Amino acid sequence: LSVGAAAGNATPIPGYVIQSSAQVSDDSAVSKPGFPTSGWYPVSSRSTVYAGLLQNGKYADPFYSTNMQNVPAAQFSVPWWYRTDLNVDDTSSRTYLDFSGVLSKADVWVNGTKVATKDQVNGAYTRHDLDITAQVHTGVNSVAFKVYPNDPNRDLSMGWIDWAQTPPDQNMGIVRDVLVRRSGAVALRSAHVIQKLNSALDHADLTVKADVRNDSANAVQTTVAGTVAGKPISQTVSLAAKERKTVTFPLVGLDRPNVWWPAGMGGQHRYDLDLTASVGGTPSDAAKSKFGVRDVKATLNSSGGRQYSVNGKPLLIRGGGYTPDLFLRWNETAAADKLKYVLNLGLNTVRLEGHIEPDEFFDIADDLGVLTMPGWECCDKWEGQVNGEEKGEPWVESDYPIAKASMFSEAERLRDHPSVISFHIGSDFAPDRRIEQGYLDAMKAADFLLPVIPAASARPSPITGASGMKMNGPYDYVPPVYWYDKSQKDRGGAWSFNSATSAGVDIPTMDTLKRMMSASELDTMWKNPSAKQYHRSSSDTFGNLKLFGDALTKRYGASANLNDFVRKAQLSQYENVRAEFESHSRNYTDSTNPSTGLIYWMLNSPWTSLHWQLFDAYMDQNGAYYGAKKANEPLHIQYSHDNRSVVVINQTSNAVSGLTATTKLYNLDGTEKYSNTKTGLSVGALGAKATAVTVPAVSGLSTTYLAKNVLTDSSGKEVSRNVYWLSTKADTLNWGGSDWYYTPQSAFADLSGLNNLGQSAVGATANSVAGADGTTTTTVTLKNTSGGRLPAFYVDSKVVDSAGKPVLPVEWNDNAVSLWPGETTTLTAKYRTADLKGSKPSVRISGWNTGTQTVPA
């Protein structure tokens, strides 16, 4: 690792060699050039200690079975050393280390000199700008961090609450870049752009602000100059030695701006800011950044619910809680792939309960137009001052400055990313008056002007007041019809802002299960859902799958084997997830106590998991994935579980007309028991609704029966198809036996008729085209080819290689389809050609009642 004396440079350290402090008797030696590093582990940038060890193949894959449990934890109760060499070609310019992402705290050493202590460098989110000119010399230099162990209850850091299992190193390390910075007498820092757009959206007057710091021994004059959005800006100011000033540039108008819009509402353009700070007529430093022209409000409506709007357009928030990799392994591509999945799912937002991702994540979200909901996390140090019996230690005087500094640093990162619609200063508990003032003050200081939400629960903060959100559960199984209830003010019904709720277990696809659990573990899974699974939660509330398994047995029938359990798990996850979203969609436009947002719990998992996920750790797509995708289609037909209303949802930003909504009922022997065609439907923009018909109570329906919704646009084209499997027996709730994380059932619906649905057939043809942009698009055509009256039900197509393994990540236009005899559908799958790994592409088609076939592609 080198540096160029050219003033402006901000090169990240590309790697380190790491080792336990157990191996080091003389702290000061580690940073002296030529210190012997034999037996040290080389790790890439942004590594936890444990991620660093795995990179070196020192332990088995923790995604598989109980591998993570065989890792001795004790070795991570002492500090570890992160160490690298640093070539300096010319110490003409000053040298800085600028960084964050240290868990939990660190000593910083340069060339035998301790330049900062763990007291000065403390907290994952705190930024640090260390002037190390005094210690740097020409040639080979050395920098070493003594990173201290991490405890999320004690440290203003990251913890994993109850999502998965505790990583053995408890995430200790450096999980962001350490930047080596070079500049002259004057350092440029904190350059940003306050932007205020008018309500006609055709003018913005922009305010550029940036700090300059004179780290030389004498007074200087410095000119700060460059462009913002195609406009010259320039300011000259004076500076004493060691002095820092905030330069505020004069206002700049931008007549007709390229407004930034969420996915599906317009472009995702960003403008540039580009400043050079100069001394004696020479660049001393320089900073390039981006920003979006976009307004965002989150106001409380008349029923007391939080309501987002972007560029004056109100939106129902539809998304899921986002989590990074359990050992915080970063990969830019993987981050874009995940955000791209949000758009495949048709969601508009992700929430980050702490674990706030590096800058690139937000760059991508900005470009994709995916909205982000960052904030602090519950259930550990962050709320330890205000959460009573909940895990997390009470604050001491020294916690407050770190807390505030953390807020300032994150606000400083987030402020100019248009995808950000708010920061959450609380999650389960809102902070007290002291801590909230610190948080609000840090925001003002950074010019963070985005909505501030006191909590994701219902608890209000002293100063910002009501949240307009709720966290009543559930997080484990409830019947689909639960989601439709507005009568229980203490429950997770579709009203207000559901900031974190799901129905628990989300069994991943077979291809995934086999990679994550041994045959014996999988055997136990279906036979005894009541037993602990290492790949659910470390929490006792969610250590097992009892609640899911009783429900799955009683509703769909007892399980014969693994395949039976799994295919039943997928229909239940498809059924539940769909209902959860479709209910919130419908109740959006309700006059009184409407639904304002829904954050599914969760969008993804930190590792290979059995719950709280839409996509799994390998990017694979199951029942719950398909269920949300269906529920969130842009032009969509649904059916209400509470009252049989056939509703139509238009998520797009244009009103739409000439819509025909064909709705049919069938028994399990294929006999049509009802039919409706509503023609000339007109549904307005951005999640407006129209009823097509309320299905009447029909007699002679089989115990288990189907519903077939079809929606076509005025040019023909089938735009939405939605198939329900229902029961003349109803799911009912024993509301009185409710606990915080679910509501128990008194009655169960009977969908076991599905066990006996007669065989059908499909009916498949596929071919592929590889683009010059290194993607492949595979086109499959499905047909119900049988001569009966039975549908080809829950047909699932997967791009696979010759090994029959799924090509991932992948994005379908539609999947898990149901076709009545003679009907046809054409599907599109897009994926990177390289993920095929030289193999020829194939498609694996599997139905509930059509068996499995794979056709070439």
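When you see a residue number, it is the position in the sequence shown, counting from 1.
- Once the C-alpha B-factors are averaged per stretch, 386-394 and 283-291 rank with 386-394 first.
- 591-599 and 252-260 differ in mean CA B-factor, and the higher of the two is recorded for 591-599.
- Taking the deposited Cα B-factors for 621, 75, 604, 657, the highest one is held by 657.
- Per the PDB record, 676 has a higher Cα B-factor than any other of 111, 120, 676, 499.
- The entry lists a Cα temperature factor for residue 125 that places it in the lowest third of the chain's modelled residues.
- Residue-level temperature factors show residue 36 in the middle third of its chain, judged at the C-alpha atom.
- Residue 816: CA B factor lies in the middle third for its chain, per the PDB record.
- In this PDB entry, the Cα temperature factor of residue 808 sits in the bottom third of its chain's modelled residues, the lowest group.
- Among the modelled residues of its chain, residue 356 has a C-alpha B-factor that falls in the lowest third, as given in the PDB entry.
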